[PDB]
Amino acid sequence: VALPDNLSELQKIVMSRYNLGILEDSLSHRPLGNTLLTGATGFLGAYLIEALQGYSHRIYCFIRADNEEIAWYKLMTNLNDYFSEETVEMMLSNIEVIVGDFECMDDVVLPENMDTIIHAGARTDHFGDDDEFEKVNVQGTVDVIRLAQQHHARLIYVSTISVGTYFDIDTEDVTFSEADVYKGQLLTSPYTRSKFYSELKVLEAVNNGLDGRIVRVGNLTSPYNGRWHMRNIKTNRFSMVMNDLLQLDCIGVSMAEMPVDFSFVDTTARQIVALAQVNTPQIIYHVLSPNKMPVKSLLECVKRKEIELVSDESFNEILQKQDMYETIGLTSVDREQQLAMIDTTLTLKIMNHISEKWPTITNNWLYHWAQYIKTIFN
């Protein structure tokens, strides 16, 4: 749990800018132009290059791959899944690839002054690590920052709301807002602990003159309007827990009182792009579907019936009966502790003071969303 000696000064500035609200001069547009993205090859990355199509001069995608040929292939294959060949071609007109070495994130020679940098930062999770592939992530972040100052660019670092959504039991205050950096939340996973440390590394650099901001995204799901497909959905924690859950008709008490959001990818992408254009004093933003619902009223809309409650004890029985495996273990791992009350108000003002609000979920949409999750795991 290593926190900088000057954490006090960090928290002091995010709160300083938080209580600035929206200044009259603040709401105004600054163009992106030459943007450098890392996250293509990934989920949010692909929908990010579709969402800043037209607000940006040229998109320079930095991809770790052994040559230019392979990096293009890795990227095009990605986009080809989410969109039509017609819409991918035009997207492909104003965009270039920056083949980068996997071992070293050094000596990167870029061909123009990048005024905007968005870091989504997928890391090779399939390669073995002793929690050491999670320190090279922070290295992978601190290397982007170094390049951000060198160009005098606006850095946008995409983090996760999970960076402060889990709290220890028996803690008095548990709220988490765009003003909170560290509050004693527990960083369970090594992924979370890394997206946390980069948030800190981006913070202490924003103190030293750099223009940068952190966008905390929620659990990303298939877009509102787009293809339901999501690459590597087989390994996403959220979606696979839903399929193990949609074969039953009873649901736990502590289990089904839990919230579930549908932060659509295309909306998260659209919002992040709107956020990078308006200069606005805050440093941390929460881009998250505010339409959270309990799992109860979600299974009442997928089965059209009423699901009935059982105890957690009698649940564990019916769970092992079908070899629940990992879905059970991350289900009781969210029940064992306290769940942070996420404040998203200050961002909700802005991201609807200029952009769109979040699309209202519709009952048939989920039925379709249900069917996709059902079919893919069989």
I'd like to check something: does the range 116-135 contain any residue that is out of contact with any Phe, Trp or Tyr (no Cβ under 9 Å at 6 or more places or on another chain), under 25 Å from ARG30 (Cα atoms), exposed (fewer than 15 other Cβ atoms within 10 Å of the Cβ) and not basic (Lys, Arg)? no
Consider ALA370 against the criteria (1) part of a helix (DSSP H, G or I); (2) of a type in the set (A, V, I, L, M, F, W, C); (3) within 30 Å of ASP168 (Cα to Cα): it satisfies all of them except one. Which criterion is unmet? (3)
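In the range 9-43, which residues are under 13 Å from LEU75 (Cα atoms) and either of a type in the set (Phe, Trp, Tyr) or part of a helix (DSSP H, G or I) (or both)?
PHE43
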Could you check how many residues of the range 313-356 are under 19 Å from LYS296 (Cα atoms), surrounded by 14 or more Cβ atoms within 10 Å (Cβ to Cβ) and either basic (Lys, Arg) or over 26 Å from the mean Cα position of the chain (by Cα) (or both)? 4
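Residues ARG227, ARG213: which one is within 18 Å of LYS12 (Cα to Cα) and either surrounded by fewer than 19 Cβ atoms within 10 Å (Cβ to Cβ) or under 19 Å from the mean Cα position of the chain (by Cα) (or both)?
Working: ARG227 fails: within 18 Å of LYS12 (Cα to Cα).
The conditions single out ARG213.
Quick grid of which residues meet (1) over 23 Å from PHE83 (Cα atoms); (2) of a type outside the set (A, V, I, L, M); (3) buried (at least 20 other Cβ atoms within 10 Å of the Cβ); (4) in contact with a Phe, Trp or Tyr (Cβ under 6 Å, 6 or more places away or on another chain):
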position: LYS234; (1), (2), (3), (4): no, yes, no, no
position: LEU245; (1), (2), (3), (4): yes, no, no, no
position: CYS250; (1), (2), (3), (4): yes, yes, no, no
position: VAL260; (1), (2), (3), (4): yes, no, no, no
position: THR268; (1), (2), (3), (4): no, yes, yes, no
position: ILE272; (1), (2), (3), (4): no, no, yes, no
position: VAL278; (1), (2), (3), (4): yes, no, no, no
position: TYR285; (1), (2), (3), (4): yes, yes, yes, no
position: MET293; (1), (2), (3), (4): yes, no, no, no
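Quick one: which helices (runs of 4 or more DSSP H) lie wholly within the range 256-356 and hold at least 2 residues that are touching a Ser or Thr at 6+ places or on another chain (Cβ under 8 Å) and within 19 Å of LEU44 (Cβ to Cβ)? First the steps, then the outcome.
Numbers: elements: 265-277, 296-299, 312-320, 326-329, 345-350.
Because the criterion is at least 2 residues that are touching a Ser or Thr at 6+ places or on another chain (Cβ under 8 Å) and within 19 Å of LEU44 (Cβ to Cβ), the helices (runs of 4 or more DSSP H) in the range 256-356 that meet it are 265-277.
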Is the range 260-267 home to any residue that is aliphatic (A, V, I, L, M), under 20 Å from the mean Cα position of the chain (by Cα) and within 27 Å of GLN53 (Cβ to Cβ)? yes
The range 238-254, residues that are over 17 Å from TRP369 (Cα atoms), in a helix (DSSP H, G or I) and touching a strand residue (DSSP E or B) at 6+ places or on another chain (Cβ under 9 Å): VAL253
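Quick check, is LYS201 of a type in the set (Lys, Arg), surrounded by 14 or more Cβ atoms within 10 Å (Cβ to Cβ), in contact (Cβ under 8 Å) with a residue 60 or more places away in the chain and in a helix (DSSP H, G or I)?
yes
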Please specify each residue of the range 204-218 satisfying the condition of being within 14 Å of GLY164 (Cα to Cα) and part of a strand (DSSP E or B). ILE214, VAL215, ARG216, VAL217
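Tally time: how many residues in the range 27-57 are loosely packed, with under 15 Cβ neighbours inside 10 Å and either of a type in the set (S, T, N, Q) or under 13 Å from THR116 (Cα atoms) (or both)? Write out each step before concluding.
Quick first cut of the range 27-57, residues loosely packed, with under 15 Cβ neighbours inside 10 Å only: 27-31, 33, 54, 57.
Restricting the remaining residues to those that are either of a type in the set (S, T, N, Q) or under 13 Å from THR116 (Cα atoms) (or both) gives 28, 30-31, 33, 57.
The total comes to 5.
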Say we look at the range 94-111 and pick out the residues that are charged (D, E, K, R) and over 18 Å from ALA46 (Cβ atoms); which of these is surrounded by the most Cβ atoms within 10 Å (Cβ to Cβ)? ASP101
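Every residue, every condition in (1) more than 30 Å from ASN219 (Cβ to Cβ); (2) touching a residue at least 24 places away in the same chain (Cβ under 8 Å); (3) over 23 Å from the mean Cα position of the chain (by Cα), yes or no:
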{"site": "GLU9", "(1), (2), (3)": "yes, yes, yes"}
{"site": "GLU24", "(1), (2), (3)": "yes, no, yes"}
{"site": "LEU27", "(1), (2), (3)": "no, yes, yes"}
{"site": "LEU52", "(1), (2), (3)": "no, yes, no"}
{"site": "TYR60", "(1), (2), (3)": "no, yes, no"}
{"site": "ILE63", "(1), (2), (3)": "no, yes, no"}
{"site": "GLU68", "(1), (2), (3)": "yes, yes, yes"}
Quickly run through the range 177-210 and pick out the residues that are within 19 Å of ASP125 (Cβ to Cβ) and hydroxyl-bearing (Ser, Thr, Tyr). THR188, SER189, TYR191, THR192, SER194, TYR197, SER198
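Taking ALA179, is it crowded, with 17+ Cβ neighbours inside 10 Å and in contact with a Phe, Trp or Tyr (Cβ under 9 Å, 6 or more places away or on another chain)?
Working: crowded, with 17+ Cβ neighbours inside 10 Å: yes; in contact with a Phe, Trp or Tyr (Cβ under 9 Å, 6 or more places away or on another chain): yes.
Against the criterion (crowded, with 17+ Cβ neighbours inside 10 Å and in contact with a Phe, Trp or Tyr (Cβ under 9 Å, 6 or more places away or on another chain)), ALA179 qualifies.
Just so you know, all these numbers are worked out from the coordinates, no wet-lab data involved. With ideal geometry, Cβ positions are generated from the backbone for all residues, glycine too; neighbour counts draw on all protein chains shown.
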